[PDB]
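To start, the structure itself, in structure tokens.
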Amino acid sequence: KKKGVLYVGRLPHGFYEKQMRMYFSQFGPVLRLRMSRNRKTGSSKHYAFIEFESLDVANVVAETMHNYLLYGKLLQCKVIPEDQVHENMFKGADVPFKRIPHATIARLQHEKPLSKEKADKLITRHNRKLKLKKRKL
Amino acid sequence: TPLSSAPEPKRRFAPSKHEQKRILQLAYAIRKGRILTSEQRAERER
Amino acid sequence: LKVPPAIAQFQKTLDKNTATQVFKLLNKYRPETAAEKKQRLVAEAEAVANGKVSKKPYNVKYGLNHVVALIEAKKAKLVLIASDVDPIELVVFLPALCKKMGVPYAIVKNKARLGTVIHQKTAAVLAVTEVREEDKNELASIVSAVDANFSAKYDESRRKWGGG
Amino acid sequence: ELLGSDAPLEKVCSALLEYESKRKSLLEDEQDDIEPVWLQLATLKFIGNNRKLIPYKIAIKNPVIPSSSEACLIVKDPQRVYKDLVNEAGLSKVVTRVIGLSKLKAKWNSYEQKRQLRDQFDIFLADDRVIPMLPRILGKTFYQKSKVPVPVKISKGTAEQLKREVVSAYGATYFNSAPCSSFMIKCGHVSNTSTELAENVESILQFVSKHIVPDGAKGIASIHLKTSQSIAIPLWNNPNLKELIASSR
Amino acid sequence: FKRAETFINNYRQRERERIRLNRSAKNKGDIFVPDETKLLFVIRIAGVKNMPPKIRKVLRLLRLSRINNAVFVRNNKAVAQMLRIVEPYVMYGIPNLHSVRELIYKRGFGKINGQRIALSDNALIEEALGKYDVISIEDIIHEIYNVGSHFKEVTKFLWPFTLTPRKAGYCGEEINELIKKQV
RNA sequence: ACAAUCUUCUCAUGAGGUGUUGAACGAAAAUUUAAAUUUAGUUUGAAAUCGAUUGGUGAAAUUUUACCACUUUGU
């Protein structure tokens, strides 16, 4: 009845969204799944939240998968109580992090053609800024 | 602390004397031809 | 029937996953067989018979008198006790001695499995005393797992009379 | 002269010595560490296709790494042969530890172990044939905490080459290329005087315009001199940077 | 059931394979291209679940849709590049004339009417390859060994060999020895 | 099935070798184009309890990409 939610920590590098889905579905089906990733590059934060339709299935899974010796890491599985579950803390579910390659997009705009007017806008107050720096010095 | 205060014998920081006893015994019988050497063991097999 | 706590503790053994990971480390440190020992010694014999300095060996420690002496000397990092020793009083003190000496210990299943590591039919207890530098992290992770999956688990259960 | 047909050096570098000195304002362990001199360079176009995890062997005459800094050498298997060569070359006090590649991969696997090894030495030198592996094995705990192994060529394995390479390695500044248009190069510290600092700047500029910037010094946008907390005093500005970028793009 | 460690191991292999394909494609577009052999034998060693899409497409093009499948191909720059991409899952070698004849005589089966039919009689071969000047198993073997114009048509007509039970990569003349162990 | 291909060097004299756990703390500078990449440094158990950034691009047959990254998702 009550939608239980389980927190999995210390995930070994490779136990990712696809890997958890096919594994935890053996104990019981999973419809949504989310693992935290960094804003800048999307690298896994080695911790995730997995929900379950029934609290009982979440409870038994936490029992058999707590302190699990996986890849030299003691996998931590604790059931999060409902009062600490937030509505907006499960957005972008099973969403392949669209890791924006900021290095290349900076280069593309860096290498993008710039007209004389664009260069004049690009110059802007750089001489004034240099003068301001000289005035400060 | 460890239960026993007895000093550590030198035998635990030196090559085993039991094996050296066997090595000299084996080396003797190799000279006397009692045990087949590794190089001539293979030749007898083939 | 009702069993005392010192005998009841042997029914709570290490889980399958942790035991399987424990024996992966143990199988790296098996003692050399009677055949492999003879091959190594005869090889050094020819180098002596004709004409001619090593490192300390690495292996898992076995034997009840040997292991108990290593625990008392605090030389053992991990002690694995068989769960089905035919006279139970042979190992009934080992969990208490390991607790007193601060030795991470676990009760594993199938004393035959312990014997297979040491090329013997049967071993009552295995002990890992000191491993190579490559396996320091693997042993350290196992000791942390034994702490959680055996010591943190049970514990309160091992002080209760079992059975009945 | 090479950069813009002019040499506005010496005066700025000498003035920077007094600029930082005026901004001066019991402990047991003390050291001769001095604030580094950061030579900021700006390029009109991006200079890096991708993250290159090797330093640039910018040969210099005033070393930025003091001879009191410990060194760690990484060699290919076996490590005993190169350990004997280091001892026979008189580099025991400099090259404290020689680690074979297999031993480095195995005996240092934990992140804490890698961090402990990183903090045990001040500079890391690696064989050129084993440098491409060190991106792994060493990981982010090395390449982000200002510890980039140096590609020292010891292929033939002789004592005189070891002494020359280490002296060359110590007497040089390094910079890890990254994809961007701005970067900082270590030119020295306050201990080096003005004239030596100026010599370091010009030598670095020649090296930068040769093997770093594809179009040479003509592609340099601006350059500034800075310290850890000092103001980035503009060393030089391109008189035609604005029109060059407009015409190129 | 499937243990959690298995899924990570499959993932690590997938990430391992992705980098290897990235090595071969970018900055290393050079293949060995062995010479002195116009025909080579390629056998798919093994494959894993969730294999890379590029590797599967190469296997489908090379007709290696199943493991332990042996196919004879002509040495070419395009073939070498495809072989290098699928090198981890495919073993290549230089077949021998005696080995090719033995394979055709033992496990030589063609694709007649979309079905794998053994070439037990020369009548089927003659009817299927009337325009290719092939009427017997010996003629097909000779054309394959000599790598003629109709060898490509003969290869398409011939079904892939099933050399069920090995090293990975190029095996050279040792691949012919494995044929003796299979036929 | 906790196993698998991360370079223990090549070419040509120079040019290459494309690969890094996460979290936290913390500078002051530069160009790009506040947001973005560089960027003094540091602390740590392969540590972890919302904070997913959410663009471009292809490639199978729009859901599918767990990096497809502009050079930008099945020969």
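If you're wondering about the labels, chains in the structure tokens are A, B, ... by order shown, residues count from 1 in each chain, ligands from 1 in order shown.
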Compute the set of chain D residues within 9 Å of chain A, using only C-alpha atoms, and express it as a compact mmCIF listing (two decimals) with N, CA, C and O atoms, in the first residue's frame.
```txt
# COMPACT_ATOMS: atom_id res chain seq x y z
N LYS D 45 42.98 32.36 -29.21
CA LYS D 45 42.22 31.17 -29.52
C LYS D 45 42.60 30.05 -28.56
O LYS D 45 43.65 30.08 -27.92
N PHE D 46 41.70 29.07 -28.45
CA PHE D 46 41.95 27.93 -27.57
C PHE D 46 43.19 27.16 -28.02
O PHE D 46 43.42 26.96 -29.21
N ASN D 49 43.17 20.89 -27.55
CA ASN D 49 42.09 20.06 -28.05
C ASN D 49 41.45 19.26 -26.92
O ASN D 49 40.22 19.11 -26.87
N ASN D 50 42.27 18.73 -26.01
CA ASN D 50 41.77 17.89 -24.93
C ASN D 50 42.72 17.98 -23.75
O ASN D 50 43.87 18.42 -23.87
N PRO D 179 42.34 22.54 -21.90
CA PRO D 179 41.58 23.25 -22.94
C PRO D 179 40.96 24.54 -22.42
O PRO D 179 39.95 24.51 -21.71
N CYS D 180 41.55 25.66 -22.79
CA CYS D 180 41.09 26.99 -22.39
C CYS D 180 41.88 28.02 -23.19
O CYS D 180 42.72 27.67 -24.03
N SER D 181 41.61 29.30 -22.93
CA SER D 181 42.35 30.39 -23.53
C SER D 181 43.26 31.12 -22.55
O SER D 181 44.01 32.00 -22.97
N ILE D 231 47.99 41.62 -7.34
CA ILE D 231 47.21 42.03 -8.50
C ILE D 231 47.92 41.58 -9.76
O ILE D 231 49.15 41.59 -9.85
N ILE D 233 49.34 42.37 -12.59
CA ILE D 233 49.88 43.54 -13.29
C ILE D 233 50.08 43.19 -14.76
O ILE D 233 50.74 42.18 -15.07
N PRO D 234 49.54 43.97 -15.70
CA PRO D 234 49.66 43.62 -17.12
C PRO D 234 51.07 43.76 -17.65
O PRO D 234 51.58 44.88 -17.79
N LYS D 242 42.51 43.14 -31.03
CA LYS D 242 41.09 43.33 -31.34
C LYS D 242 40.81 43.08 -32.81
O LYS D 242 39.83 42.41 -33.16
N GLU D 243 41.64 43.62 -33.70
CA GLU D 243 41.42 43.43 -35.13
C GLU D 243 41.84 42.04 -35.59
O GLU D 243 41.27 41.52 -36.56
N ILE D 245 41.46 39.18 -33.96
CA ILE D 245 40.36 38.25 -33.68
C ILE D 245 39.21 38.47 -34.65
O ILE D 245 38.57 37.52 -35.10
N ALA D 246 38.92 39.74 -34.97
CA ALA D 246 37.85 40.03 -35.92
C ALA D 246 38.16 39.47 -37.30
O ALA D 246 37.29 38.89 -37.96
N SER D 247 39.40 39.63 -37.76
CA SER D 247 39.78 39.14 -39.08
C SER D 247 39.87 37.62 -39.11
O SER D 247 39.45 36.99 -40.09
N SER D 248 40.41 37.01 -38.05
CA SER D 248 40.53 35.55 -38.02
C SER D 248 39.17 34.88 -38.01
O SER D 248 38.96 33.88 -38.71
N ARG D 249 38.23 35.41 -37.24
CA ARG D 249 36.89 34.83 -37.16
C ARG D 249 35.95 35.49 -38.17
O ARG D 249 34.79 35.77 -37.87
```
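For segment 58-72 of chain C, the non-local neighbours within 8 Å, defined as residues at least 3 positions apart in the same chain or in other chains and counting only C-alpha atoms (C1' of nucleotides), are residues 2, 3 and 4 of chain B; 26, 29, 30, 31, 75, 76, 94, 97, 98, 101, 103, 118, 123, 124, 125, 126, 127, 128, 129, 130, 131 and 132 of chain C.
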Please identify all residues of chain F having at least one atom at most 6 Å from any atom of chain A, considering only C-alpha atoms (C1' of nucleotides), and return them as a PyMOL selection string. chain F and resi 2+22+50+52-54+66
Write out as a list in words the residues lying within 10 Å of residue 142 of chain D, counting only C-alpha atoms (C1' of nucleotides) and excluding same-chain residues fewer than 4 positions away. residues 111, 114, 115, 117, 118, 119, 124, 134, 135, 137, 138, 146, 147, 148 and 149 of chain D; 20 of chain F
Closest pair table for chain D residues within 12 Å of chain C, only C-alpha atoms, as a Markdown table:
```
| residue | atom | partner | partner_atom | distance |
| --- | --- | --- | --- | --- |
| D:102 | CA | C:134 | CA | 10.5 |
| D:103 | CA | C:134 | CA | 8.5 |
| D:104 | CA | C:134 | CA | 10.0 |
| D:105 | CA | C:134 | CA | 9.2 |
| D:106 | CA | C:134 | CA | 5.4 |
| D:107 | CA | C:134 | CA | 4.9 |
| D:108 | CA | C:134 | CA | 7.9 |
| D:109 | CA | C:137 | CA | 7.8 |
| D:110 | CA | C:137 | CA | 7.1 |
| D:111 | CA | C:137 | CA | 10.6 |
| D:112 | CA | C:137 | CA | 10.6 |
| D:113 | CA | C:137 | CA | 9.6 |
```
Would you mind listing what lies within 9 Å of segment 138-148 of chain C as a PyMOL selection string, with only C-alpha atoms (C1' of nucleotides) counted and same-chain residues fewer than 6 positions away left out? (chain A and resi 67-69+72-74) or (chain C and resi 14+18+21-22+25+77-78+104-106+131)
Please provide as a list in words all residues within 10 Å of residue 161 of chain C, with the sequence filter that same-chain residues fewer than 3 positions apart are discarded (counting only C-alpha atoms (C1' of nucleotides)). residues 2, 3, 4, 5, 6, 7, 8, 9, 157, 158 and 164 of chain C
Identify, with DSSP run on backbone atoms, the residues in segment 43-130 of chain C assigned to helix (DSSP H, G or I), and express the list as a PyMOL selection string. chain C and resi 43-49+64-72+88-90+94-100+111-117
Would you compute the distance between atom CA of residue 98 of chain D and atom CA of residue 57 of chain C? Give it in Å to one decimal. 24.1 Å
For atom CA of residue 129 of chain A and atom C1' of residue 31 of chain F, determine how far apart the two atoms are, in Å to one decimal place.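 That distance, rounded to one decimal, is 13.1 Å.
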From the list E:148, E:130, E:88, E:172, which residue is nearest chain F when using only C-alpha atoms (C1' of nucleotides)?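 Among E:148, E:130, E:88, E:172, it is E:88 that comes nearest to chain F.
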